[PDB]
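Chemist: The structure is given below, and queries will be raised subsequently.
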Amino acid sequence: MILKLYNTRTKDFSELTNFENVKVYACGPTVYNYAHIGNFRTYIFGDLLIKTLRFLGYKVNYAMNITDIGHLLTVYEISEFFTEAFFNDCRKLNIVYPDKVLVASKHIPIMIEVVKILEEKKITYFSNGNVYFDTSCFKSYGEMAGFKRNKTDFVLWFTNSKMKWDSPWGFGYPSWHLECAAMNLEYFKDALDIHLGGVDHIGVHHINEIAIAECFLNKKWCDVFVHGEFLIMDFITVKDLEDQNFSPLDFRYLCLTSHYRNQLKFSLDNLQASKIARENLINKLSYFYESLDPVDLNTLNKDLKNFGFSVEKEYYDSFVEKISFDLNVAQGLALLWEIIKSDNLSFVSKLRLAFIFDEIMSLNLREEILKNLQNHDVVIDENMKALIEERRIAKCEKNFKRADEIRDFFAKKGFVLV
Ligand SMILES: Nc1ncnc2c1ncn2[C@@H]1O[C@H](COP(=O)(O)O)[C@@H](O)[C@H]1O
Ligand SMILES: [Zn+2]
Numbered sequence: 375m376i377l378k379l380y381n382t383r384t385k386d387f388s389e390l391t392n393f394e395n396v397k398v399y400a401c402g403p404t405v406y407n408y409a410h411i412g413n414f415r416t417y418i419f420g421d422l423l424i425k426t427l428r429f430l431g432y433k434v435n436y437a438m439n440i441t442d443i444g445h446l447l448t449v450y451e452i453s454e455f456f457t458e459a460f461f462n463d464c465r466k467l468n469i470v471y472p473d474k475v476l477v478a479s480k481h482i483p484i485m486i487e488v489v490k491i492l493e494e495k496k497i498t499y500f501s502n503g504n505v506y507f508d509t510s511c512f513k514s515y516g517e518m519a520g521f522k523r524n525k526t527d528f529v530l531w532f533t534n535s536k537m538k539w540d541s542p543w544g545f546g547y548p549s550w551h552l553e554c555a556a557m558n559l560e561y562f563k564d565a566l567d568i569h570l571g572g573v574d575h576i577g578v579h580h581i582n583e584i585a586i587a588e589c590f591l592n593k594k595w596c597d598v599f600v601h602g603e604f605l606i607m608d609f610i611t612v613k614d615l616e617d618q619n620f621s622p623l624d625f626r627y628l629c630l631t632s633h634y635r636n637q638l639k640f641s642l643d644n645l646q647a648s649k650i651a652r653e654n655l656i657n658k659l660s661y662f663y664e665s666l667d668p669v670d671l672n673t674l675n676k677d678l679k680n681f682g683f684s685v686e687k688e689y690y691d692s693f694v695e696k697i698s699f700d701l702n703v704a705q706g707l708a709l710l711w712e713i714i715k716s717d718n719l720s721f722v723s724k725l726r727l728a729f730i731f732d733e734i735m736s737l738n739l740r741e742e743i744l745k746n747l748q749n750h751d752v753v754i755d756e757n758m759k760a761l762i763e764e765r766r767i768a769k770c771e772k773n774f775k776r777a778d779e780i781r782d783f784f785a786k787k788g789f790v791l792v
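If you're matching positions, the sequence shown starts at 375 in our numbering and goes up one per residue.
Set out below in structure tokens:
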């Protein structure tokens, strides 16, 4: 199945036919303070996307920059501290770690080498202490969106008389536009496939990257640009959300029930609905899982997408169809709830689909079911009294394999045997 996504460059869905090696760049955070949940809506978006490509069978190499420069103790200690915390918040929200993290301060050579090239193509100029890119040397500029020579000219390199680097234009630092563009060009070379960000990058930052890269390359760069819509509040960090007694994954759930091209109206009340819906999901799945016999239970340890019933495959394909049309994970979730409540599926089938959909949803369902069950009370009914005999016998016949298999059945339901 081919992923179809909404491409801002062309205002229609682009088809993604190249399964062998798709390259994805996402603008990363500023690292001068904790990121807020608005930033994480967008990172959950990148996550949903890479996870969907992978789920659909694409091999993805995904890169993210970290801007650790000087917004517009050691500056490095600070940005190092808020770098670890960002990725710590990421782990709390089950956001896949990029395959490559490109740190602006570690890639100044390529940035300088891209300016050198642009200057030799007569595209640049120096004014008021800065090297500017001259956008009129470039008829196409900004078609994706709609002391300077032109309003929309942009800085490439900042200089000053007194974090700083030497250059052919003097000591200075790059603009954020040149960091994103140059780093892509070094890491992915002439060949980005999908470039992500928030909608606010449409009208300045992304078109600026494009200008840099396509003038450098002297050709088409990066066919697909995908943008996520804003999270709107009446800004909040994850700590704030933990401190008000929410769980990170509650915000995750909330991000899941809304397509990436919609604005998300955030509130405590909608976060609360998400917390309850996520809580019921886990409780319902826990009842299903508690109720299993050894043969059904072993089946979920195994190859999940090896379906035992056509009706599972049906729901799997209905799922694929949904996510493959433009990252519609919200309809995926909707589908899981149809599945949970369904009377044409056994308990074991519902869990299989849960565990498969969770490869995208990333709610820790498996491990949330084990935690939920470890908190109910012990009730030894007959079917349990008998596995123990089966076990006490097997441990006497000295068939420790069977004994350990029984043991490992109780453990997966949260029981220990002493
Ligand atoms: N309220 C918001 N909702 C969704 N994404 C946002 C919001 N604010 C910032 N972003 C995105 O978060 C990423 C980094 O944000 P910043 O570090 O503030 O530049 C960018 O991709 C932004 O477009
Ligand atoms: Zn960027």
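Note that the Cβ used here is the ideal one computed from N, Cα and C, for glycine as well.
1. Using 8 Å as the threshold, is the stretch 414-430 in touch with the stretch 493-507, meaning 3 or more CB pairs across them?
2. Is any heavy atom in ligand 2 found nearer than 7 Å to the beta carbon of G571?
3. May I ask you to report which of helix, strand or coil DSSP gives residue 811?
4. Less than 6 Å between C-beta atoms, sequence neighbours within five positions excluded: which residues of the same chain meet that for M485?
5. Going straight from the alpha carbon of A785 to that of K769, what length do you get?
6. Mapping the DSSP letters down to three states, classify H569 as helix, strand or coil.
7. Cα-Cα, which of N524, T533, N773 and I482 is closest to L559?
8. Write down the C-beta distance between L747 and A728 rounded to the nearest angstrom, noting that I regard them as a contact closer than 8 Å.
9. Enumerate, from N- to C-terminal direction, the unbroken beta strand (DSSP E) stretches of 3 or more residues contained entirely within the stretch 412-488.
10. Out of curiosity, what's the CA-to-CA distance linking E493 and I418?
11. Pull up the CB-CB distance for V405 and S453, whole angstroms please, since I reckon it's below 8 Å.
12. Indicate the three-state DSSP secondary structure (helix, strand or coil) for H633 in the structure shown.
13. To the nearest angstrom, how far is the alpha carbon of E664 from that of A437?
14. Measure the CB-CB distance between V529 and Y515 and report whether it falls below 8 Å.
15. What does the Cβ neighbour count give for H750, buried or exposed, with the cut at 16 atoms within 10 Å?
16. Could you tell me which whole alpha helix (DSSP H) segments of length 4 or greater appear in the stretch 646-676?
17. Is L430 closer than 8 Å to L476 when the C-beta atoms are compared?
18. DSSP three-state call for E733: helix, strand or coil?
19. Taking buried to mean at least 16 other C-beta atoms within 10 Å of its own C-beta, is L446 buried or exposed?
20. Return yes when the Cβ of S716 is within less than 8 Å of the Cβ of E686, no when it is not.
21. Is the beta carbon of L638 sitting closer than 8 Å to the one on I606?
22. Among the candidates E517, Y450, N462 and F521, whose CA atom is the shortest distance from the CA of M537?
23. Just to check, is the beta-carbon of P403 closer than 7 Å to a non-hydrogen atom of ligand 1?
24. Compute the distance between the beta-carbons of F625 and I411, then report whether it is under 8 Å.
25. For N413, verify whether its CB is less than 7 Å away from any heavy atom of ligand 2.
Modeler: On the basis of the coordinates in this document:
1. no
2. Result yes, Cβ under 7 Å from ligand 2.
3. Past the boundaries of the shown model lies residue 811; the chain is included only from 375 to 792, so the question cannot be answered.
4. Correct list, in chain order: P548, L552 and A556.
5. 17 Å
6. In the structure shown, the three-state DSSP call for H569 is strand.
7. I482
8. Not confirmed; about 15 Å, so no contact.
9. For the stretch 412-488, whole beta strand (DSSP E) runs of length 3 or above, ordered along the chain, are 434-440 and 474-477.
10. 38 Å
11. The beta carbons of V405 and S453 sit about 4 Å from each other, so the pair counts as a contact at 8 Å.
12. coil
13. Each residue's alpha carbon lies about 41 Å from the other.
14. no
15. exposed
16. 668-675
17. Their beta carbons are not under 8 Å apart, which means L476 does not touch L430 by this criterion.
18. helix
19. Taking all protein chains in view, the Cβ of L446 is surrounded by fewer than 16 other Cβ atoms within 10 Å, so the residue is classified as exposed.
20. no
21. yes
22. Cα-wise, what sits closest to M537 is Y450.
23. yes
24. Cβ distance < 8 Å, so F625 and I411 count as in contact.
25. no
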